[PDB]
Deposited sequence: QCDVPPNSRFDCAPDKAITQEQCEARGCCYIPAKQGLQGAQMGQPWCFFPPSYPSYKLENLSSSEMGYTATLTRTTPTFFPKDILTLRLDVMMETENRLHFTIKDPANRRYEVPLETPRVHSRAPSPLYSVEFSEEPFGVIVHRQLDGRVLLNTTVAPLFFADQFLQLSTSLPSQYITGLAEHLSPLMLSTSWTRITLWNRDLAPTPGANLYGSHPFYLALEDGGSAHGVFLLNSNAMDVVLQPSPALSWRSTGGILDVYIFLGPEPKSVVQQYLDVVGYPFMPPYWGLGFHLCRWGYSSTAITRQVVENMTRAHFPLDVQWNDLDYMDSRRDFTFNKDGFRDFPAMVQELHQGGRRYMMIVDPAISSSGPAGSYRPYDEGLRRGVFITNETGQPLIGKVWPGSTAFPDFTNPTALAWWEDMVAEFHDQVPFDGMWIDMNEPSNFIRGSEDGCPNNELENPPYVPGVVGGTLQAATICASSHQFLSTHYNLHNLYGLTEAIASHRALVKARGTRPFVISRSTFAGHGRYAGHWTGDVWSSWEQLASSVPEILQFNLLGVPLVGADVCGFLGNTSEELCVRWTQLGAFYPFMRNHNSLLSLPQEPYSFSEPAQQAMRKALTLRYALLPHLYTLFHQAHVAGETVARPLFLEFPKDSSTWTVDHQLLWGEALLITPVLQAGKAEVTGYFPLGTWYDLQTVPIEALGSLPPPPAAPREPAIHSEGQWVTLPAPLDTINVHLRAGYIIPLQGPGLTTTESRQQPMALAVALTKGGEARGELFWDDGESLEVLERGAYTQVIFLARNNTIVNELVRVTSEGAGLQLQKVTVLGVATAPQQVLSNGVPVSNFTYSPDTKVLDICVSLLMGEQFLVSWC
């Protein structure tokens, strides 16, 4: 009965240190490890639930689950209801609930055969999900008991392989370790470090299968939870409340798994085009005069900058919706001037509202109080904590009245200072004291029977009381949604205030966040280690449907070095969200603050990003319309090549651009993985060392001096580019170009999506142009999928073709010889000057 292999032992003492006698008294097996692995574990006979009265309907199945022997947790729910819904060919959904009592549930809006089959074990109860095509077992919950107590749910499964990704937010390789790893989801203000619950929680994983297929599992539960991985391999979800509400996504391709997950939680929002430009911020731009010098200094040194930011500096006494009349007396004029020059403006907004001012002196608090917008305590008064301005109350973003109040405060402030988006910080919610100024009461929510592995060992640490009251439920159930709910409220507030697409960047997140907002990875150190760790983290958030993500370029905490900031700017120019931000006590790190050689390398990185913006924007359109990733790991694009599975220090933009950064000090080369095919060096395309890597699926060492980042373009792909500007207001007016990467057989395909860059409801109203580009048999053409006023007058003036094996004697554009072209026999590049329009059918040819 106790003859269970070490790797397959499921912990029967997750709640406390246990002796052999207590372990055995629980009905469990005691076998010490020989050197983590639990010593006390469940035998196969440990009491679980029994399935009874299984029945079928058009939707799927229903059954009763009954537990006869209590567990060691209090308040087992002995009778449960199972509902299995076979929702689509790719999506299976099941719930386990208490039929006698409504329990907390997360607020979320909703040959021919499915890819899955589902079977059940009777006693002990289990759900078993097979992939139909190959019979692989994807889910099998029979592997361990089902626990379902009021404040402890546990469901386990075998995993199909040792390769699993997801379960943000943590500082970790992209592929998670199955070596007895406890992953804790409890939103927490902590500078990113390994082994810790960070700012967000995403209870989703994607599991790879031998041969390159994959599936995903989403547990729709927002309670504090641990997810425990062991090397058998297997996983246990361990939550402190709510219900088991489980979605399984069948793929089979990893890209399809992500799309299927996003079909449930929401496709990524479409950012405004300007949001893809460079953003620059620090804590410490302490006046409008200083802030203005930033733009002046960037401009003088020819560095693009679309958006100027401020941190708390602008506020009056660190309070939302105010500005001080010392250094920021002329804040409105500063922002108006930014707009006059074609730039946008962003500033920090905190959730917590100063509660200490004289009554009637601070409208956000006075109005919030009147309307009852705040989270309240046991006696019904606002819970008061401590954040930047001192004593503060916390808005309840599940309360409709709070949503209306937030809209009003944002609109009123925007009437004074016309900011263009909101940077929402401190929204875990972060509290500088434990729980509240008045502590927290002693009850089961504050002192639960199972506390997940949170930093500080309590759910109150660095946040507010768990038993505090919100409109929908207690904070205990809603905590992991705090940031998400603020992001939703802010998205709506910005739509109403400005009437164009919102731009919200949030610290705290939950599953589905990307439908409303972007993310940055928080208070990272200026270290080579954190530069490297930013790659898997940005990739992870893309898999989780938050493609608008980045880290603070050059790092936030501490002092950066010139070398680190060159490499971080190079890599960071490929973050889908690119912002350099810096702490109050740090040395300056704006691009213009470095030596001339470093400035040149930083300028090159920004210039290349700006040239790529039409392509990056098209990638965001694909994310928004089809649930695609923007920055993606090699394994998403080449899953059948298992050498890609562990690669997380390279990234792709979409299908075709492979970026291989230097991520260590003192390196003048880098070794990266190249999937089978021809990869052209993007440096062979003119913008205002072998030319091609011919890979069989192999590691390649590349030169990478300080001034260089390696970027390669996949053969078979065409990328749209646009001319330069210090802002997108300027760059969007420039002529465009194509880079055409030919296969050996002369083929390539690409596309361009173009709209006005900021309007709402573009796809619904059809207010966009969409063009496909095709290379074949020594010709390049466009195909006009949709042409509207938005895309009219887009000038195509340059076409660069990579992999042209022999010099052409003539090059034609719509049947007439071009004004000129160049061919380089060494690089195999044909560069062609043309006078064409993206929105009018053309034919370019050569021979």
item: Sequence ranges without modelled C-alpha atoms (deposited numbering); value: 36-42, 118-123, 702-713
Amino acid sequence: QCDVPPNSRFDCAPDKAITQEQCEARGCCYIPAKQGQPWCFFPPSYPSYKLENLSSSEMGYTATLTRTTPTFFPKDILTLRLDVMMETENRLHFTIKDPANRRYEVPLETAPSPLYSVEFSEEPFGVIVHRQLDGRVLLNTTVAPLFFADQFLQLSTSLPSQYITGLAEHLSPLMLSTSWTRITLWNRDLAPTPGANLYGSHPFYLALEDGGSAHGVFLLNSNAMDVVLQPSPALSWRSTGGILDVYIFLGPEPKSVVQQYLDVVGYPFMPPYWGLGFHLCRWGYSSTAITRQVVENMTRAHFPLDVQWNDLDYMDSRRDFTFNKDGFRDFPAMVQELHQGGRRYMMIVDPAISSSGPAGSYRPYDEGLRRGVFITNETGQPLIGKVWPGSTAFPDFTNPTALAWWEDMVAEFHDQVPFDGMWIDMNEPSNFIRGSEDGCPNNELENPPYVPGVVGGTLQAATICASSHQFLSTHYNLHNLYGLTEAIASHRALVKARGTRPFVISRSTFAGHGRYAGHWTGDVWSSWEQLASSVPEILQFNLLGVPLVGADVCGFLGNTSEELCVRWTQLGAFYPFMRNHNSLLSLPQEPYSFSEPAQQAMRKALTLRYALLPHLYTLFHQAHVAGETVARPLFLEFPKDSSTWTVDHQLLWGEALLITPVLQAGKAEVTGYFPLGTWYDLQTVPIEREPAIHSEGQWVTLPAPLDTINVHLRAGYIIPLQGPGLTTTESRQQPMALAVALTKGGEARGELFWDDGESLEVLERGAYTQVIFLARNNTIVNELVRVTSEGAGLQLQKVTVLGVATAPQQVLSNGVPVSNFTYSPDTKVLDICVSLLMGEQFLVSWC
From here on, numbers count along this sequence of modelled residues.
query	finding
Unmodelled in at least a third of other entries of this protein, residue 109	yes
363-371 versus 218-226 - greater average Cα B-factor per the deposited record	363-371
Higher-scoring stretch by recorded Cα B factor average, 48-56 or 805-813	805-813
Of the residues 254, 691, 166, 654, the one carrying the largest Cα B-factor as recorded	691
Residue of maximum C-alpha B factor among 127, 208, 108, 539, per deposited coordinates	108
Lowest, middle or highest third - CA B-factor, residue 632	middle
Chain-relative CA temperature factor third for residue 709	highest
Third assignment of residue 323 from its chain's C-alpha B-factors	middle
Record-listed C-alpha B factor of residue 442: chain third	highest
B-factor third for the C-alpha atom of residue 613 within its chain	lowest
